[PDB]
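Let me begin by presenting the structure, written as structure tokens, before commenting on it.
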Amino acid sequence: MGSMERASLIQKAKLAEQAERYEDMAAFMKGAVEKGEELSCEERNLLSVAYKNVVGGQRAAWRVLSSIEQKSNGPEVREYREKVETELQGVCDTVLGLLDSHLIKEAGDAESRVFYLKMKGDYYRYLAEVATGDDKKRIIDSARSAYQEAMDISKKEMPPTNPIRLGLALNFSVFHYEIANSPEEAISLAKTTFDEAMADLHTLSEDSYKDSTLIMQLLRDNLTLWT
Amino acid sequence: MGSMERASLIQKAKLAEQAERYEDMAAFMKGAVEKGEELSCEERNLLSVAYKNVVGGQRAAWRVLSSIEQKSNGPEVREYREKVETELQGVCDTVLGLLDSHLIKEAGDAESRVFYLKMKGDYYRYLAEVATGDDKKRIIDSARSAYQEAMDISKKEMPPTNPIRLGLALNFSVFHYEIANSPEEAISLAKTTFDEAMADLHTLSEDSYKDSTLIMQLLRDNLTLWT
Amino acid sequence: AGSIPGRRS
Amino acid sequence: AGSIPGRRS
Ligand SMILES: *Cc1ccc(S(=O)(=O)N(C)C)cc1
Ligand SMILES: *Cc1ccc(S(=O)(=O)N(C)C)cc1
Ligand SMILES: [Ca+2]
Ligand SMILES: [Ca+2]
Ligand SMILES: [Cl-]
Ligand SMILES: [Cl-]
Ligand SMILES: [Cl-]
Ligand SMILES: [Cl-]
């Protein structure tokens, strides 16, 4: 999107979100990132929403096809699952490439650096969901490493109710439960995250309280399912 | 999709429908059509479902963007509406090309010929929804002509409860109301269609009765909105 | 005003 | 088990 203005790319990403055109949204925000400037808080959210929707559709389709394939065990179901899988891996690789060139290395503030590292953990986690070969373990460790670095920064630099800190802990707990086969670590992280947020709620305004309690409910929903 | 077997294309179109991957579905069924054989009843439905979903997403997005554009009256909203509009027109042109090369000319039975001509009316109607220039009237007449030929055949060759005959009349009535500025023609067609179907229901099995009464309800829903 | 949904089957 | 939906805003 090299011939489009950065501001036009951002404005069109917002329009694509309104039209529920998430592939367009992602391409516009990919173009905005490749302009080389850092992203604002709002712009980071647009980037994240766009690719979460795109990969979310791919993951949902992959699970449908993987389920059909497992029940069947001609080549068509496997071939088509492989096609969707390859397209999903390409989207994850694209996002990871944006983070590596050069969003993360230019992110100096806690809010931006933790946001991008959480992203990095998430997209390695999506790669891990479909991984089966020689690199499943290496992909899992890449996800863990990104989440862990984000955790370390957020615990040092953000309050326990910060929505990015809470969403990071939520997703890392899902990583532990669903990917790393560590349900006790998942439950422990979710419980400690919830309890430390609850004790900090008194410091918040009405609007910040709503933002934080929304994500604490997601932690509670998982604990209810896991225990 | 020239190197894939016809049967594999059909099987993968069914898988894509299950995965809600309608762009893939449409491409698979485009490949199946271009094999050059006629389509069975089931295969025609797959072709229709695939492209209805694809163009349905494009139409929904175009309406969102057109609404934003009308409220605003920089170039970004118009530019992005034009992009979506061009992509929608390309999908309609693709479907119309499949009908013209060579689905319609090889369709000799009433069920297949009326099905394809209804399709032809529908995709010209979608072109008419976004048309504004020198060819709006010609596109509208192309839609009308296709629907009319389909109507003439269906009245001669199908019973009044036939679901294709009913869906054709439903969509032609929407054409009259929404495109041709003929609400009285729309209401008259929907009423006569409903009444003649109701009088033929006694001839049907339990399953055929369910198929027909489902579409008669849609006719009634429109009449309720129009009167 | 609704045309036939036609998006499932 | 739910991650953050993250698909709106
Ligand atoms: C990963 C993540 C955490 C928090 C949110 S939020 O909806 O609360 N917000 C944009 C701060 C989104 C995503
Ligand atoms: C245009 C159209 C008419 C009828 C149907 S149906 O769902 O009843 N069927 C596949 C016969 C679909 C589309
Ligand atoms: Ca510039
Ligand atoms: Ca063959
Ligand atoms: Cl395939
Ligand atoms: Cl910086
Ligand atoms: Cl554009
Ligand atoms: Cl024939």
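Just so we're on the same page: first chain in the structure tokens is A, next is B, and so on; residues restart at 1 for each chain, and ligands are numbered from 1 in the order they show up.
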
Counting only C-alpha atoms, which residues of chain B sit at most 9 Å from some atom of chain A, and what is each one's closest atom pair with its distance in Å to one decimal, listed by chain and rising residue number, as CSV?
residue,atom,partner,partner_atom,distance
B:8,CA,A:76,CA,6.4
B:9,CA,A:76,CA,8.8
B:11,CA,A:76,CA,7.3
B:12,CA,A:76,CA,6.6
B:15,CA,A:65,CA,7.4
B:16,CA,A:61,CA,8.2
B:18,CA,A:64,CA,7.2
B:19,CA,A:61,CA,4.6
B:20,CA,A:61,CA,6.9
B:21,CA,A:61,CA,7.2
B:57,CA,A:21,CA,8.6
B:58,CA,A:21,CA,8.7
B:60,CA,A:19,CA,7.3
B:61,CA,A:19,CA,4.6
B:62,CA,A:19,CA,7.6
B:63,CA,A:19,CA,8.4
B:64,CA,A:19,CA,5.7
B:65,CA,A:19,CA,6.8
B:68,CA,A:15,CA,8.8
B:74,CA,A:8,CA,8.9
B:75,CA,A:8,CA,8.9
B:76,CA,A:8,CA,6.4
B:77,CA,A:12,CA,7.3
B:80,CA,A:12,CA,6.9

Can you pull out the residues contacting residue 9 (chain D)? Cut-off 9 Å, using only C-alpha atoms, and skip same-chain residues under 3 positions away; I want them as a PDB file with C-alpha atoms, in the first residue's frame.
ATOM      1  CA  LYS A  14     -11.609   2.165  10.543  1.00  0.00           C
ATOM      2  CA  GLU A  17     -13.970  -2.420  10.571  1.00  0.00           C
ATOM      3  CA  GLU A  42      -5.603   3.427  19.030  1.00  0.00           C
ATOM      4  CA  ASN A  45      -5.725  -1.726  18.690  1.00  0.00           C
ATOM      5  CA  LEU A  46      -6.767  -1.448  15.036  1.00  0.00           C
ATOM      6  CA  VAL A  49      -8.474  -6.247  15.919  1.00  0.00           C
TER       7      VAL A  49
ATOM      8  CA  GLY D   6     -10.243  -8.915  20.776  1.00  0.00           C
TER       9      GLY D   6
END

For ligand 4, collect every residue having any atom at a distance of at most 8 Å from a ligand atom (counting only C-alpha atoms and all ligand atoms); output as a PyMOL selection string. chain B and resi 4-7

Distance limit 6 Å, reference ligand 6, atoms considered: only C-alpha atoms and all ligand atoms. Which residues make the cut? Give them as a tab-separated table (two decimals) with N, CA and C atoms, in the first residue's frame.
chain	number	residue	atom	x	y	z
A	106	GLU	N	11.34	-0.89	18.30
A	106	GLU	CA	11.12	0.52	18.54
A	106	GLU	C	10.14	0.80	19.66
A	107	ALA	N	9.60	-0.21	20.33
A	107	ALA	CA	8.60	0.01	21.37
A	107	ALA	C	9.32	0.15	22.72
A	108	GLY	N	9.40	1.37	23.22
A	108	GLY	CA	10.12	1.63	24.46
A	108	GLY	C	9.23	1.79	25.67

Enumerate residues in contact with ligand 2: an atom-to-atom distance of at most 8 Å, counting only C-alpha atoms and all ligand atoms. Format the result as a list in words.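 Protein and nucleic-acid residues within 8 Å of ligand 2: residues 45, 48, 115, 118, 119, 163, 164, 165, 166, 167, 168, 171, 211, 212, 214 and 215 of chain B; 4, 5, 6, 8 and 9 of chain C.
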
Test item: residues no farther than 12 Å from ligand 8, counting only C-alpha atoms and all ligand atoms, as a PyMOL selection string: chain B and resi 36-40+102-113

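Excluding region 1-3 of chain D itself and same-chain residues fewer than 3 positions from it, the residues having an atom within 9 Å of it are residues 167, 170, 171, 172, 173, 174, 175, 177, 178, 218, 219, 221, 222, 223, 225 and 226 of chain A; 6 of chain D, counting only C-alpha atoms.
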
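Residues in contact range of residue 208 (chain A), defined as at most 12 Å between only C-alpha atoms, with sequence neighbours fewer than 4 positions away removed, read residues 159, 161, 162, 163, 197, 200, 201, 202, 203, 204, 212, 213, 214 and 215 of chain A.
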
Gap from CA of residue 160 (chain A) to CA of residue 140 (chain A) - Å, one decimal: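 We find that CA of residue 160 (chain A) and CA of residue 140 (chain A) lie 26.1 Å from each other.
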
If you measure from CA of residue 43 (chain A) to CA of residue 122 (chain A), what distance in Å do you get, rounded to one decimal? 18.2 Å

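With only C-alpha atoms and all ligand atoms as the atoms that count, the residue of A:98, A:10, A:88, A:150 with the shortest distance to ligand 1 is A:150.
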
Could you list, as a list in words, every residue within 9 Å of residue 7 (chain C), counting only C-alpha atoms and ignoring same-chain residues fewer than 4 positions away?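 Within the cut-off, the hits are residues 48, 49, 50, 51, 52, 53 and 56 of chain B.
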
Go ahead and dump the residues you just picked, C-alpha atoms, as a tab-separated table (two decimals), in the first residue's frame.
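Saved the output as selection.tsv:
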chain	number	residue	atom	x	y	z
B	48	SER	CA	-25.90	-20.58	-5.78
B	49	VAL	CA	-25.19	-20.80	-2.03
B	50	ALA	CA	-21.51	-20.03	-2.55
B	51	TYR	CA	-21.98	-16.88	-4.60
B	52	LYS	CA	-24.99	-15.66	-2.59
B	53	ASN	CA	-22.81	-15.67	0.51
B	56	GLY	CA	-24.07	-10.95	0.34
